[PDB]
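What follows is a short report on a single structure.
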Amino acid sequence: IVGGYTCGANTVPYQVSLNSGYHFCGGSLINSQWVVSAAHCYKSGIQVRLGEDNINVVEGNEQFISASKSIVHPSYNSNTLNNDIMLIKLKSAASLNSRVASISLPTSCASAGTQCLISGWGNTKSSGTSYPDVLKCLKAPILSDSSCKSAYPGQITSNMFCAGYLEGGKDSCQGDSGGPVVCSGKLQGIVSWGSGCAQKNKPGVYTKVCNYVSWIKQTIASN
Ligand SMILES: N=C(N)c1ccc(C=O)cc1
Ligand SMILES: [Ca+2]
């Protein structure tokens, strides 16, 4: 997250870190057994880390649970990033409390102008590289579909939306991939892609979660 703020420990209780010997992506806990992340975060041997603040220090509220199964969206295209969503099942159910909690799925899509919270452990620099140890947060509005398409000609599908600031300086970035965009207590987006980070006229692009609620619910019901 570039141009954000320190969230505070366990203030984003649905935020998870996906770990394969090291943090490599974010994700969102949607019930005691399931995490939603980006399909471009797929790999084998995932351990899901819940209740994290400093990802390099055991602070007392962590739950580390190995993934038993990953399900990449059936229509994920890794070239275009269309349908950039994946579900990860935990080998054992998480213990839910104030610091480890699921986030609600949307019942309808959000609108341009809605304020959301984007979070992650990704790069905090727009030019260089600096990875934080503690969770970073950014409040950002959803941008109009027209401005999103104008920013990224030929690239924005109906399964994507832009959020952030056209002026630059505030954005998600590398390492935030797969993490949450939460608006009014609903998971509306997943950190997906963008041109660099926090660049003028290049806002963040996010997977449009509301399009996937039916798939998420039916997948969970049978897996
Ligand atoms: N919001 C961005 N600019 C952004 C999001 C994800 C990636 C993935 O590496 C890169 C850039
Ligand atoms: Ca920790």
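Whatever order the structure lists ligands and atoms in, that order sets their numbers, starting from 1. Starting from 1, each residue takes its place in the sequence as its number. Side chains included, hydrogens not; waters and symmetry mates left out as well; all remaining heavy atoms used.
- Of the polar atoms of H40, none of the N or O atoms is found under 3.5 Å from an N or O of ligand 1, judged by distance alone.
- In this model, no donor atom of one side chain and acceptor atom of the other lie less than 3.5 Å apart for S214 and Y212.
- Nearest non-hydrogen protein atom to atom 7 (C) of ligand 1 is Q174 NE2, 3.9 Å.
- Proximity to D171 (heavy-atom distance under 4.0 Å) selects the following atoms of ligand 1: 1 (N), 2 (C), 3 (N).
- Look at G122 and you'll find every heavy atom at least 4.0 Å from all atoms of ligand 1.
- With hydrogens and angles left out, the side-chain atoms of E52 and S17 include no donor and acceptor closer than 3.5 Å.
- Within the structure, the closest approach of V191 to ligand 1 falls below 4.0 Å when heavy atoms are considered.
- Nearest protein heavy-atom contact of atom 11 (C) of ligand 1 is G196 O, 3.5 Å.
- Closest approach of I118 and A140 over heavy atoms only: CD1-CB, 4.0 Å.
- A donor atom on one side chain and an acceptor atom on the other are found under 3.5 Å apart for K136 and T6.
- Heavy atoms of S192 approach ligand 1 to within less than 4.0 angstrom.
- On a distance-only criterion, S172 and ligand 1 share at least one N/O pair closer than 3.5 Å.
- Rounding to 10°, one obtains 90° for the angle at the Ca ion (ligand 2) between OE2 (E62) and O (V57).
- Here is the list of ligand 1 atoms found below 4.0 Å of a heavy atom in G204: 1 (N).
- Here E59 fails the criterion, with no N, O or S atom under 3.0 Å of the Ca ion (ligand 2).
- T157 pairs with exactly one of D84, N82, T207, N211 by the side-chain hydrogen bond (donor to acceptor under 3.5 Å, both in side chains) rule, that one being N82.
- Atom numbering of ligand 1 starts at 1 in the shown order; those under 4.0 Å from a heavy atom of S177 are 8 (C), 9 (O).
- One N or O on the side chain of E62 and one on the backbone of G60 form a donor-acceptor pair closer than 3.5 Å.
- Side chains of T114 and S111: a donor-acceptor N/O pair is absent below 3.5 angstrom, by distance only.
- Sorting the N, O or S atoms of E52 by how far they are from the Ca ion (ligand 2) puts OE1 first.
- A distance-only check finds no donor-acceptor pair linking the side chain of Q115 to the backbone of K139 [under 3.5 Å].
- For the pair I88/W34, no side-chain contact is recorded, criterion being any heavy-atom separation below 4.5 Å from C-beta on.
- The nearest N, O or S atom of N61 is not closer to the Ca ion (ligand 2) than 3.0 Å.
- Taking CG of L187 as the reference point, atom OG of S104 lies at 9.5 Å (rounded to 0.5 Å).
- Proximity to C197 (heavy-atom distance under 4.0 Å) selects the following atoms of ligand 1: 3 (N).
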